[PDB]
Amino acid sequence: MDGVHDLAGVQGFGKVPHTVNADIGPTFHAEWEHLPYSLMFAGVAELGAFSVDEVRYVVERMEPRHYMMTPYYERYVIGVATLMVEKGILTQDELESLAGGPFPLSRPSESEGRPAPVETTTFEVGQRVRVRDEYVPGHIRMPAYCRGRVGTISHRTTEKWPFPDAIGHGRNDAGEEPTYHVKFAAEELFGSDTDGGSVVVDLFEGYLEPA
């Protein structure tokens, strides 16, 4: 999904709000901040109502201006609440009644997702690959800066996981794929407009093709 959450390479932001080793304070800066992660785990591990991938996608589905003005932990409160409503576990009415006011949610999905690709290749360390020049309106774990770009395999995972584009929509056809650490030269991604060396992206097999 080409949403505003795909931030890598966006220009115009100011300084990172940190100096190295500065005191970052407590883990949680408010008494509710542990709730989104804890209730995500309730949903995933206890209820089996959704996957972690579905949580990523529902946050991506926040209305774009809403996403941009909402602090991190609050996005996950909104995302988990949205999933609970979409899965028929909770109603928006009861959330707003208990909250004592408006509780706007993420927008409905505009894609049913897609299955794990049928045709993929097992790649080896050192092989050159290109990121498939594909556009996916639903969940995908490929940041746009690498779409269509060429890099070299530095690692093939020894484990396999469900394809995000499927499990992020709760589909039954996510299968399993390993992922690959693909190293791109900075200039491959941003031309002359970068001060870096290389960027390594961890890409599902189904996002790749021989170069």
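Sequential numbering from 1, following the sequence displayed.
Here 94-102 and 73-81 are compared by their mean Cα B-factor, and 94-102 comes out higher. Averaged over Cα atoms, the B-factor as recorded in the entry is higher for 172-180 than for the other of 172-180 and 61-69.
When the C-alpha B-factors of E159, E54, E33, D165 are read from the PDB record, the largest value belongs to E159. You'll see in the entry that, of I24, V16, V200, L203, the Cα B factor peaks at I24.
When the modelled residues of the chain are ordered by C-alpha B-factor, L189 sits in the middle third. Remark: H139 belongs to the lowest third of its chain, ranked by C-alpha B-factor as recorded. Sorting the modelled residues of the chain by their CA temperature factor places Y37 in the lowest third.
Sort the modelled residues of the chain by CA B factor and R132 lands in the middle third. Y145: CA B factor lies in the lowest third for its chain, per the PDB record.
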